[PDB]
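Chemist: So here's coords_22.txt (compact mmCIF, C-alpha atoms).
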# COMPACT_ATOMS: atom_id res chain seq x y z
CA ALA R 1 -78.51 -65.43 -109.61
CA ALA R 2 -79.39 -65.92 -105.95
CA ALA R 3 -77.78 -63.30 -103.70
CA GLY R 4 -77.20 -65.54 -100.72
CA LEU R 5 -76.18 -64.13 -97.36
CA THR R 6 -75.86 -65.60 -93.87
CA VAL R 7 -77.86 -64.06 -91.02
CA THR R 8 -78.21 -65.34 -87.45
CA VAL R 9 -81.82 -64.90 -86.32
CA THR R 10 -82.47 -65.25 -82.59
CA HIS R 11 -85.81 -65.28 -80.77
CA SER R 12 -87.40 -67.02 -77.77
CA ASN R 13 -84.19 -68.90 -76.90
CA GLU R 14 -84.27 -70.27 -80.48
CA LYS R 15 -81.51 -69.47 -82.98
CA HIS R 16 -81.14 -70.19 -86.70
CA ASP R 17 -78.25 -69.53 -89.09
CA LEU R 18 -80.35 -68.83 -92.16
CA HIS R 19 -78.72 -68.50 -95.60
CA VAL R 20 -81.31 -66.21 -97.18
CA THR R 21 -81.29 -64.77 -100.70
CA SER R 22 -83.18 -62.12 -102.62
CA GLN R 23 -86.33 -63.50 -104.22
CA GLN R 24 -88.59 -60.60 -105.24
CA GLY R 25 -86.54 -59.38 -108.19
CA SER R 26 -84.04 -57.46 -106.05
CA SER R 27 -80.28 -57.66 -106.57
CA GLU R 28 -79.75 -58.00 -102.80
CA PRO R 29 -81.83 -59.33 -99.89
CA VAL R 30 -84.19 -56.67 -98.54
CA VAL R 31 -86.70 -56.20 -95.73
CA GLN R 32 -89.52 -57.65 -97.85
CA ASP R 33 -87.52 -60.82 -98.52
CA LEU R 34 -86.50 -61.21 -94.87
CA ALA R 35 -90.06 -60.58 -93.68
CA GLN R 36 -91.32 -63.20 -96.14
CA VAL R 37 -88.79 -65.73 -94.82
CA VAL R 38 -89.71 -64.89 -91.22
CA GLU R 39 -93.43 -65.23 -91.97
CA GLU R 40 -92.84 -68.56 -93.73
CA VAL R 41 -90.76 -69.90 -90.83
CA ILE R 42 -92.94 -68.56 -88.01
CA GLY R 43 -95.91 -66.54 -89.23
CA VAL R 44 -95.59 -63.23 -87.38
CA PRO R 45 -97.27 -60.45 -89.40
CA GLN R 46 -95.14 -57.57 -90.62
CA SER R 47 -97.25 -55.11 -88.60
CA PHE R 48 -96.05 -56.19 -85.14
CA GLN R 49 -92.90 -58.20 -85.91
CA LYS R 50 -89.69 -56.49 -84.79
CA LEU R 51 -86.38 -57.16 -86.53
CA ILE R 52 -83.37 -55.59 -84.80
CA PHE R 53 -79.91 -55.33 -86.36
CA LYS R 54 -76.97 -53.60 -84.64
CA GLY R 55 -79.38 -51.58 -82.53
CA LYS R 56 -80.94 -50.02 -85.64
CA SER R 57 -84.73 -49.90 -85.80
CA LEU R 58 -86.56 -51.42 -88.78
CA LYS R 59 -89.41 -49.08 -89.69
CA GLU R 60 -89.05 -48.63 -93.46
CA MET R 61 -90.16 -51.68 -95.43
CA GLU R 62 -88.11 -50.74 -98.52
CA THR R 63 -84.77 -50.04 -96.82
CA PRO R 64 -82.14 -52.52 -98.12
CA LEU R 65 -80.42 -54.13 -95.14
CA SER R 66 -77.58 -55.35 -97.36
CA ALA R 67 -76.71 -51.69 -97.91
CA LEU R 68 -77.38 -50.97 -94.22
CA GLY R 69 -74.50 -53.25 -93.23
CA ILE R 70 -75.56 -56.90 -92.90
CA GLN R 71 -72.67 -59.22 -93.77
CA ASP R 72 -71.75 -62.83 -93.02
CA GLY R 73 -71.71 -63.54 -89.30
CA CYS R 74 -74.14 -60.74 -88.42
CA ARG R 75 -76.90 -61.49 -85.91
CA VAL R 76 -80.42 -60.08 -85.71
CA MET R 77 -83.10 -60.19 -83.01
CA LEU R 78 -86.71 -61.21 -83.67
CA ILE R 79 -89.35 -59.85 -81.29
CA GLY R 80 -92.95 -61.02 -81.29
CA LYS R 81 -95.31 -63.86 -80.49
CA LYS R 82 -95.66 -66.96 -82.67
CA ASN R 83 -99.19 -66.73 -84.08
CA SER R 84 -101.01 -69.85 -85.31
CA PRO R 85 -104.23 -68.73 -87.09
CA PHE J 1 -67.18 -54.68 -72.54
CA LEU J 2 -63.83 -54.66 -74.36
CA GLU J 3 -64.28 -53.70 -78.02
CA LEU J 4 -61.73 -55.53 -80.18
CA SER J 5 -61.23 -57.07 -83.62
CA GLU J 6 -62.10 -60.55 -84.88
CA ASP J 7 -58.48 -61.26 -85.86
CA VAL J 8 -57.95 -62.93 -82.47
CA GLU J 9 -58.56 -66.67 -82.19
CA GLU J 10 -61.96 -67.91 -80.96
CA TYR J 11 -63.18 -64.30 -81.03
CA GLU J 12 -66.86 -65.31 -81.15
CA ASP J 13 -66.61 -67.14 -77.82
CA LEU J 14 -64.47 -64.40 -76.24
CA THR J 15 -66.99 -61.66 -77.01
CA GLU J 16 -69.89 -63.93 -76.02
CA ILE J 17 -68.44 -64.81 -72.61
CA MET J 18 -67.45 -61.16 -72.22
CA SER J 19 -71.05 -60.27 -73.15
CA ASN J 20 -72.38 -62.56 -70.38
CA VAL J 21 -74.68 -64.30 -72.87
CA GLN J 22 -74.23 -67.59 -71.00
CA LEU J 23 -74.47 -65.81 -67.63
CA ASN J 24 -78.24 -66.32 -67.50
CA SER J 25 -78.15 -69.93 -68.73
CA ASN J 26 -75.51 -70.91 -66.17
CA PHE J 27 -77.21 -68.99 -63.35
CA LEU J 28 -80.56 -70.70 -63.95
CA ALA J 29 -78.80 -74.06 -64.34
CA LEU J 30 -77.04 -73.69 -60.99
CA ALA J 31 -80.23 -72.38 -59.37
CA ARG J 32 -82.04 -75.51 -60.56
CA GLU J 33 -79.17 -77.69 -59.29
CA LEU J 34 -79.51 -76.10 -55.84
CA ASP J 35 -83.29 -76.58 -56.31
CA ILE J 36 -83.56 -72.82 -55.61
CA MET J 37 -85.94 -71.97 -58.45
CA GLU J 38 -89.44 -72.00 -56.95
CA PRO J 39 -90.86 -68.46 -57.09
CA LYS J 40 -90.97 -67.35 -53.45
CA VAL J 41 -94.28 -65.55 -52.90
CA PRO J 42 -94.00 -62.14 -51.19
CA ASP J 43 -96.87 -63.26 -48.93
CA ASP J 44 -95.06 -66.07 -47.11
CA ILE J 45 -91.98 -63.85 -46.88
CA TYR J 46 -94.23 -61.47 -44.94
CA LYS J 47 -95.46 -64.39 -42.75
CA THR J 48 -99.10 -63.31 -42.85
CA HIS J 49 -100.19 -65.95 -40.33
CA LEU J 50 -101.59 -63.12 -38.19
CA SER J 51 -103.16 -50.68 -49.41
CA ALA J 52 -102.25 -49.76 -52.98
CA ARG J 53 -98.71 -48.77 -51.97
CA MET J 54 -98.41 -51.85 -49.75
CA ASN J 55 -99.45 -54.06 -52.67
CA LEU J 56 -96.87 -52.23 -54.78
CA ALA J 57 -94.19 -53.02 -52.20
CA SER J 58 -95.30 -56.66 -52.33
CA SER J 59 -94.89 -56.60 -56.12
CA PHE J 60 -91.45 -54.98 -55.88
CA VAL J 61 -90.10 -57.50 -53.37
CA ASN J 62 -91.52 -60.33 -55.50
CA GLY J 63 -89.50 -58.99 -58.42
CA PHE J 64 -86.45 -58.66 -56.19
CA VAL J 65 -86.73 -62.28 -55.03
CA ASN J 66 -87.35 -63.60 -58.56
CA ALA J 67 -84.75 -61.30 -60.14
CA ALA J 68 -82.59 -62.68 -62.97
CA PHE J 69 -84.86 -65.75 -63.04
CA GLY J 70 -87.64 -64.92 -65.48
CA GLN J 71 -89.89 -67.57 -63.88
CA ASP J 72 -92.79 -65.82 -62.14
CA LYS J 73 -96.41 -66.33 -63.20
CA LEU J 74 -97.69 -63.71 -60.74
CA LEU J 75 -96.85 -60.88 -63.17
CA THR J 76 -96.96 -63.08 -66.30
CA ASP J 77 -100.34 -64.86 -66.39
CA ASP J 78 -102.47 -62.43 -64.35
CA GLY J 79 -100.00 -59.55 -64.61
CA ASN J 80 -102.42 -57.45 -66.66
CA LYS J 81 -105.06 -57.92 -63.97
CA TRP J 82 -102.59 -56.90 -61.26
CA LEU J 83 -101.55 -53.66 -62.98
CA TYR J 84 -105.20 -52.92 -63.80
CA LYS J 85 -106.02 -53.45 -60.12
CA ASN J 86 -103.03 -51.26 -59.25
CA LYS J 87 -103.62 -47.56 -58.62
CA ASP J 88 -102.06 -44.26 -59.72
CA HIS J 89 -98.32 -44.28 -60.40
CA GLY J 90 -97.38 -47.88 -59.62
CA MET J 91 -97.94 -49.60 -62.97
CA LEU J 92 -94.60 -48.30 -64.27
CA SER J 93 -92.74 -49.83 -61.32
CA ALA J 94 -94.66 -53.12 -61.51
CA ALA J 95 -93.65 -53.56 -65.15
CA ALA J 96 -90.09 -52.55 -64.26
CA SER J 97 -90.21 -55.13 -61.47
CA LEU J 98 -91.22 -57.69 -64.11
CA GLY J 99 -88.13 -56.66 -66.07
CA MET J 100 -86.14 -57.17 -62.88
CA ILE J 101 -87.41 -60.75 -62.91
CA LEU J 102 -86.26 -61.01 -66.53
CA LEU J 103 -82.94 -59.15 -66.24
CA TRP J 104 -80.03 -60.79 -68.11
CA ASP J 105 -82.70 -62.89 -69.92
CA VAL J 106 -82.49 -61.17 -73.30
CA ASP J 107 -84.34 -63.70 -75.46
CA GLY J 108 -86.92 -64.69 -72.86
CA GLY J 109 -87.44 -61.20 -71.46
CA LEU J 110 -88.00 -59.42 -74.77
CA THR J 111 -90.70 -61.85 -75.93
CA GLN J 112 -92.54 -61.72 -72.60
CA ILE J 113 -92.35 -57.90 -72.51
CA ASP J 114 -93.36 -57.35 -76.16
CA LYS J 115 -97.03 -57.92 -75.33
CA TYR J 116 -96.88 -55.34 -72.51
CA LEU J 117 -95.09 -52.87 -74.80
CA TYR J 118 -98.35 -52.13 -76.65
CA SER J 119 -100.23 -51.50 -73.39
CA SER J 120 -102.81 -48.73 -73.18
CA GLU J 121 -101.68 -46.82 -70.08
CA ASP J 122 -98.67 -44.55 -70.49
CA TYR J 123 -97.25 -45.75 -67.17
CA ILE J 124 -97.46 -49.41 -68.22
CA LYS J 125 -95.84 -48.57 -71.57
CA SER J 126 -93.06 -46.64 -69.82
CA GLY J 127 -92.60 -49.47 -67.32
CA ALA J 128 -92.41 -51.98 -70.16
CA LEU J 129 -89.73 -49.89 -71.88
CA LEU J 130 -87.84 -49.64 -68.58
CA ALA J 131 -88.26 -53.41 -68.24
CA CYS J 132 -86.55 -53.84 -71.61
CA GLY J 133 -83.60 -51.75 -70.44
CA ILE J 134 -83.36 -53.75 -67.22
CA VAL J 135 -83.42 -56.97 -69.26
CA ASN J 136 -80.54 -55.82 -71.47
CA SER J 137 -78.72 -54.16 -68.55
CA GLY J 138 -75.37 -55.68 -67.65
CA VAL J 139 -75.56 -58.39 -70.30
CA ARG J 140 -74.14 -57.42 -73.70
CA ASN J 141 -75.66 -58.44 -77.02
CA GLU J 142 -74.27 -58.57 -80.55
CA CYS J 143 -77.15 -56.67 -82.16
CA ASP J 144 -77.97 -54.69 -78.97
CA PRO J 145 -81.79 -54.86 -79.12
CA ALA J 146 -82.24 -52.05 -76.57
CA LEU J 147 -81.07 -49.32 -78.95
CA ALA J 148 -83.53 -50.26 -81.70
CA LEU J 149 -86.40 -51.01 -79.31
CA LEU J 150 -86.06 -47.56 -77.68
CA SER J 151 -86.29 -45.47 -80.85
CA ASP J 152 -89.31 -43.16 -80.52
CA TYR J 153 -89.30 -43.27 -76.70
CA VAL J 154 -85.71 -42.01 -76.34
CA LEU J 155 -86.90 -38.44 -77.04
CA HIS J 156 -90.67 -39.01 -76.81
CA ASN J 157 -92.65 -35.93 -75.81
CA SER J 158 -94.48 -37.72 -72.99
CA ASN J 159 -92.48 -37.31 -69.79
CA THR J 160 -93.19 -40.77 -68.38
CA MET J 161 -92.48 -42.59 -71.66
CA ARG J 162 -89.22 -40.69 -72.12
CA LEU J 163 -88.22 -41.38 -68.50
CA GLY J 164 -88.58 -45.14 -68.88
CA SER J 165 -86.60 -45.34 -72.12
CA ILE J 166 -83.82 -43.04 -70.85
CA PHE J 167 -83.42 -45.03 -67.64
CA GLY J 168 -83.53 -48.25 -69.67
CA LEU J 169 -80.79 -47.08 -72.04
CA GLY J 170 -78.71 -45.93 -69.09
CA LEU J 171 -78.92 -49.34 -67.43
CA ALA J 172 -78.30 -51.06 -70.77
CA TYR J 173 -75.30 -49.03 -71.97
CA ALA J 174 -73.92 -48.80 -68.40
CA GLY J 175 -70.19 -49.28 -68.92
CA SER J 176 -70.54 -49.80 -72.67
CA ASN J 177 -69.19 -46.28 -73.32
CA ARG J 178 -70.74 -46.55 -76.77
CA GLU J 179 -70.29 -43.50 -78.98
CA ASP J 180 -73.63 -44.09 -80.73
CA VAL J 181 -75.57 -44.30 -77.46
CA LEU J 182 -73.85 -41.18 -76.11
CA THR J 183 -74.50 -39.26 -79.33
CA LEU J 184 -78.20 -40.19 -79.08
CA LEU J 185 -78.85 -39.57 -75.36
CA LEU J 186 -76.83 -36.37 -74.90
CA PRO J 187 -79.08 -34.53 -77.42
CA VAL J 188 -81.98 -35.75 -75.27
CA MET J 189 -80.12 -34.16 -72.34
CA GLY J 190 -80.16 -30.92 -74.33
CA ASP J 191 -83.95 -30.95 -74.67
CA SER J 192 -85.69 -28.08 -72.88
CA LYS J 193 -89.24 -29.47 -72.97
CA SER J 194 -88.30 -32.22 -70.50
CA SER J 195 -88.96 -31.56 -66.82
CA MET J 196 -86.29 -30.95 -64.19
CA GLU J 197 -86.45 -34.54 -62.93
CA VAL J 198 -86.45 -35.82 -66.52
CA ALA J 199 -83.25 -33.85 -67.15
CA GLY J 200 -81.78 -35.35 -63.98
CA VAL J 201 -82.62 -38.87 -65.15
CA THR J 202 -80.90 -38.12 -68.46
CA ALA J 203 -77.84 -37.01 -66.50
CA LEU J 204 -78.08 -40.22 -64.47
CA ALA J 205 -78.23 -42.29 -67.66
CA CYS J 206 -75.31 -40.41 -69.21
CA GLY J 207 -73.30 -40.74 -65.99
CA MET J 208 -73.78 -44.50 -65.69
CA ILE J 209 -73.13 -45.06 -69.41
CA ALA J 210 -69.91 -42.99 -69.35
CA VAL J 211 -68.84 -43.96 -65.82
CA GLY J 212 -65.11 -43.55 -65.26
CA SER J 213 -64.51 -42.23 -68.78
CA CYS J 214 -63.86 -38.47 -68.35
CA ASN J 215 -66.19 -37.85 -71.29
CA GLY J 216 -65.54 -34.19 -72.05
CA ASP J 217 -68.63 -33.55 -74.17
CA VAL J 218 -70.85 -35.14 -71.50
CA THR J 219 -69.43 -32.80 -68.86
CA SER J 220 -69.77 -29.76 -71.14
CA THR J 221 -73.42 -30.62 -71.81
CA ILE J 222 -73.99 -31.15 -68.08
CA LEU J 223 -72.46 -27.77 -67.23
CA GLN J 224 -74.25 -26.05 -70.12
CA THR J 225 -77.61 -27.51 -69.06
CA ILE J 226 -76.99 -26.33 -65.49
CA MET J 227 -76.11 -22.83 -66.71
CA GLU J 228 -79.16 -22.62 -68.98
CA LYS J 229 -81.46 -23.78 -66.18
CA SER J 230 -82.29 -21.00 -63.73
CA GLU J 231 -80.67 -21.33 -60.30
CA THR J 232 -83.88 -20.71 -58.33
CA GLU J 233 -85.66 -23.65 -59.97
CA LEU J 234 -82.43 -25.67 -60.09
CA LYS J 235 -81.81 -25.93 -56.35
CA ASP J 236 -85.27 -27.10 -55.30
CA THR J 237 -85.23 -30.89 -54.99
CA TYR J 238 -84.11 -32.58 -58.23
CA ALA J 239 -80.89 -31.05 -59.58
CA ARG J 240 -78.93 -33.49 -57.37
CA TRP J 241 -78.50 -35.87 -60.33
CA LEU J 242 -76.29 -33.57 -62.43
CA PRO J 243 -73.31 -33.73 -60.01
CA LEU J 244 -73.85 -37.49 -59.78
CA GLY J 245 -73.33 -37.80 -63.53
CA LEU J 246 -70.17 -35.70 -63.22
CA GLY J 247 -68.90 -37.89 -60.39
CA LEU J 248 -69.57 -41.10 -62.31
CA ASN J 249 -67.87 -39.77 -65.45
CA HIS J 250 -64.72 -38.91 -63.46
CA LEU J 251 -64.97 -41.92 -61.13
CA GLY J 252 -61.65 -43.09 -59.74
CA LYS J 253 -59.62 -40.37 -61.49
CA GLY J 254 -59.12 -37.41 -59.16
CA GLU J 255 -56.65 -34.56 -59.63
CA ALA J 256 -58.43 -33.16 -62.71
CA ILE J 257 -61.55 -32.41 -60.61
CA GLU J 258 -60.09 -28.96 -59.90
CA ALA J 259 -60.99 -27.94 -63.46
CA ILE J 260 -64.58 -29.15 -63.09
CA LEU J 261 -65.12 -27.40 -59.76
CA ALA J 262 -63.49 -24.21 -61.09
CA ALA J 263 -65.93 -24.19 -64.01
CA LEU J 264 -68.73 -25.00 -61.55
CA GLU J 265 -67.64 -22.17 -59.23
CA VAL J 266 -70.10 -19.78 -60.93
CA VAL J 267 -73.03 -21.71 -59.42
CA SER J 268 -74.67 -20.27 -56.30
CA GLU J 269 -73.67 -21.67 -52.91
CA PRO J 270 -76.74 -23.82 -52.01
CA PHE J 271 -76.21 -26.16 -54.98
CA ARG J 272 -72.52 -25.56 -55.76
CA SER J 273 -71.44 -26.61 -52.26
CA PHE J 274 -73.40 -29.83 -52.82
CA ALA J 275 -72.35 -30.51 -56.42
CA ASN J 276 -68.61 -29.93 -55.99
CA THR J 277 -68.49 -32.16 -52.91
CA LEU J 278 -70.39 -34.99 -54.63
CA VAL J 279 -68.20 -35.02 -57.74
CA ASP J 280 -65.06 -34.82 -55.58
CA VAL J 281 -65.96 -37.78 -53.35
CA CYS J 282 -67.15 -39.93 -56.26
CA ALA J 283 -63.94 -39.23 -58.20
CA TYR J 284 -61.77 -39.93 -55.14
CA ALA J 285 -63.73 -43.03 -54.09
CA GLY J 286 -61.76 -46.12 -53.16
CA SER J 287 -58.55 -44.18 -52.51
CA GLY J 288 -58.19 -43.75 -48.74
CA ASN J 289 -57.91 -39.98 -49.18
CA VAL J 290 -58.66 -39.18 -45.53
Written as structure tokens, that's how I'd like the structure from this file.

Modeler:
Amino acid sequence: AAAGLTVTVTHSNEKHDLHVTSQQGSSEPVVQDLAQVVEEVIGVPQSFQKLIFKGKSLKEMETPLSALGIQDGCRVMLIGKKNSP
Amino acid sequence: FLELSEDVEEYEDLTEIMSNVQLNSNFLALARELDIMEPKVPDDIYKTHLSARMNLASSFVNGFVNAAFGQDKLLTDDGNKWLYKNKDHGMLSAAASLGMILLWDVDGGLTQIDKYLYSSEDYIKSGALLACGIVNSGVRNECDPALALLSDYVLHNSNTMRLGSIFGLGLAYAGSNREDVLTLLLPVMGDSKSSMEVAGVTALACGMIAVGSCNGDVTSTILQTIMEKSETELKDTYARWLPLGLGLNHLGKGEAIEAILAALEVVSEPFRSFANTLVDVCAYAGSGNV
């Protein structure tokens, strides 16, 4: 019952066409799921990481981006510094 | 930027090359091929073989020389020390000069300006936000990071922080003619708490965003803001940006300017005689109308 969706993350001249799916019991991928994937891939904490989609700011952690308008072929921008604790 | 549908063939490449995404990569690649990549120090440009403002000018020319490159360790490694050593009002321009170094470098510029975004001084923060707008200026992006990055600063109460974001959005959305950007910056134009020069910068941003578009609501807001502002405080030294926005919005059109000047006829002579002439010449630019 994985709700897969294709997003194009771009940051620091590095781009990935991730096929992410909802994992935390949600019917659709959400900010928590995307933040978890970003933290697993890179490790930027949710406090200072900046995800940008269509010029819309990500401030609410519980706002579903699938309802906000992410579809296949959409691209998002990741802003931050790769932290290696 | 031409806004179209994906039904056309190879649409992803067409919008990318229209967005100048590969502009920066090709420009750096050719610069390396010419071997013209070494960051030219402002000092040996000055030929010093034989001061706060002078140091600021040195920082600005360094950003001018290294513009569109993104390769300058002078403001990157010890940049924080330089702005800390800098005095008074120049930290905003130094950070904006750093954005000039990183202009058209969306991916590289945003990461190297994110650290300076959380700076302590308001001028450094405003300069960092202006640096972001310079970075995204000209080059178009699919997700348009400038709009989301400048969210609280677009209408922020602090004058300097609002000035940097507004100028950054103006440079970013310059020629985009985006309805969302216009519907978010024009309400900022309608703010009364902002200073006279802040209102002028908003008019400058609106003018460069809607250049050559005859945006009716932009002109109505410009005229309404002029009417609401008192004439005595209008005509001092900073209202000269409102006619500039009008001229940009009607750039290269002509003829219809009679309506704008007729509506502007109510203004008193010292500023009306300046505003009507500016909008007329900007609209009739590149026409040979002797």

Chemist: Can you tell me which residues surround residue 74 of chain R at a distance of at most 8 Å, considering only C-alpha atoms, apart from same-chain residues fewer than 6 positions away, and format the answer as a short mmCIF file (atom, residue, chain, number, x, y, z; two decimals) with C-alpha atoms, keeping the file's coordinate frame?

Modeler:
data_model
loop_
_atom_site.label_atom_id
_atom_site.label_comp_id
_atom_site.auth_asym_id
_atom_site.auth_seq_id
_atom_site.Cartn_x
_atom_site.Cartn_y
_atom_site.Cartn_z
CA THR R 6 -75.86 -65.60 -93.87
CA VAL R 7 -77.86 -64.06 -91.02
CA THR R 8 -78.21 -65.34 -87.45
#

Chemist: Using all atoms listed in the file, find the one residue out of R:38, R:2, R:78, R:30 that sits nearest to residue 66 of chain R.

Modeler: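 Checking each candidate against residue 66 of chain R, we get R:30 as the closest.
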
Chemist: Calculate how many Å separate atom CA of residue 198 of chain J from atom CA of residue 230 of chain J, rounding to one decimal.

Modeler: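 Rounded to one decimal, the two atoms are 15.6 Å apart.
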
Chemist: For a test of reading the model, state the distance in Å between atom CA of residue 235 of chain J and atom CA of residue 263 of chain J, rounded to one decimal.

Modeler: 17.7 Å

Chemist: Please measure the separation of atom CA of residue 46 of chain R and atom CA of residue 63 of chain R, giving the value in Å to one decimal.

Modeler: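 One can read the atom CA of residue 46 of chain R to atom CA of residue 63 of chain R distance as 14.2 Å.
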
Chemist: With a cut-off of 10 Å and counting all atoms listed in the file, select all residues of chain J in contact with chain R and give the selection as a PyMOL selection string.

Modeler: chain J and resi 12+105-115+118+141-152+180-181

Chemist: As JSON, please report the centre and edge lengths, rounded to one decimal in Å, of the axis-aligned box that holds all listed atoms of segment 143-161 of chain J with 6 Å of padding on each of the six sides.

Modeler:
{"center_x": -85.8, "center_y": -46.3, "center_z": -75.3, "size_x": 29.3, "size_y": 32.7, "size_z": 25.8}

Chemist: Could you write segment 65-79 of chain J as an mmCIF file, in the coordinates of the input, with N, CA and C atoms rebuilt where they are missing?

Modeler:
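Output file selection_23.cif follows:
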data_model
loop_
_atom_site.group_PDB
_atom_site.id
_atom_site.type_symbol
_atom_site.label_atom_id
_atom_site.label_comp_id
_atom_site.auth_asym_id
_atom_site.auth_seq_id
_atom_site.Cartn_x
_atom_site.Cartn_y
_atom_site.Cartn_z
ATOM 1 N N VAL J 65 -87.002 -60.875 -55.334
ATOM 2 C CA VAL J 65 -86.730 -62.280 -55.030
ATOM 3 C C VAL J 65 -86.539 -63.081 -56.308
ATOM 4 N N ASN J 66 -87.402 -62.869 -57.300
ATOM 5 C CA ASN J 66 -87.350 -63.600 -58.560
ATOM 6 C C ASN J 66 -86.492 -62.907 -59.608
ATOM 7 N N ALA J 67 -85.592 -62.020 -59.192
ATOM 8 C CA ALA J 67 -84.750 -61.300 -60.140
ATOM 9 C C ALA J 67 -83.800 -62.254 -60.855
ATOM 10 N N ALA J 68 -83.513 -61.929 -62.118
ATOM 11 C CA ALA J 68 -82.590 -62.680 -62.970
ATOM 12 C C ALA J 68 -83.084 -64.084 -63.274
ATOM 13 N N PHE J 69 -84.293 -64.418 -62.829
ATOM 14 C CA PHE J 69 -84.860 -65.750 -63.040
ATOM 15 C C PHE J 69 -85.758 -65.816 -64.263
ATOM 16 N N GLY J 70 -86.696 -64.882 -64.393
ATOM 17 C CA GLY J 70 -87.640 -64.920 -65.480
ATOM 18 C C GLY J 70 -88.767 -65.916 -65.316
ATOM 19 N N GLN J 71 -88.876 -66.552 -64.152
ATOM 20 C CA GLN J 71 -89.890 -67.570 -63.880
ATOM 21 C C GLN J 71 -90.783 -67.054 -62.754
ATOM 22 N N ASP J 72 -91.836 -66.325 -63.124
ATOM 23 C CA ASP J 72 -92.790 -65.820 -62.140
ATOM 24 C C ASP J 72 -94.115 -65.596 -62.864
ATOM 25 N N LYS J 73 -95.103 -66.442 -62.574
ATOM 26 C CA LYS J 73 -96.410 -66.330 -63.200
ATOM 27 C C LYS J 73 -97.301 -65.284 -62.545
ATOM 28 N N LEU J 74 -96.875 -64.709 -61.418
ATOM 29 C CA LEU J 74 -97.690 -63.710 -60.740
ATOM 30 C C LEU J 74 -97.864 -62.459 -61.604
ATOM 31 N N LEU J 75 -96.792 -62.018 -62.260
ATOM 32 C CA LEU J 75 -96.850 -60.880 -63.170
ATOM 33 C C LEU J 75 -96.905 -61.289 -64.630
ATOM 34 N N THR J 76 -96.948 -62.590 -64.921
ATOM 35 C CA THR J 76 -96.960 -63.080 -66.300
ATOM 36 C C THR J 76 -98.367 -63.489 -66.741
ATOM 37 N N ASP J 77 -99.007 -64.400 -66.006
ATOM 38 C CA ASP J 77 -100.340 -64.860 -66.390
ATOM 39 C C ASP J 77 -101.391 -63.796 -66.071
ATOM 40 N N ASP J 78 -101.525 -63.440 -64.794
ATOM 41 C CA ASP J 78 -102.470 -62.430 -64.350
ATOM 42 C C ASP J 78 -101.802 -61.080 -64.108
ATOM 43 N N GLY J 79 -100.677 -60.825 -64.777
ATOM 44 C CA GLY J 79 -100.000 -59.550 -64.610
ATOM 45 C C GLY J 79 -100.856 -58.375 -65.052
#
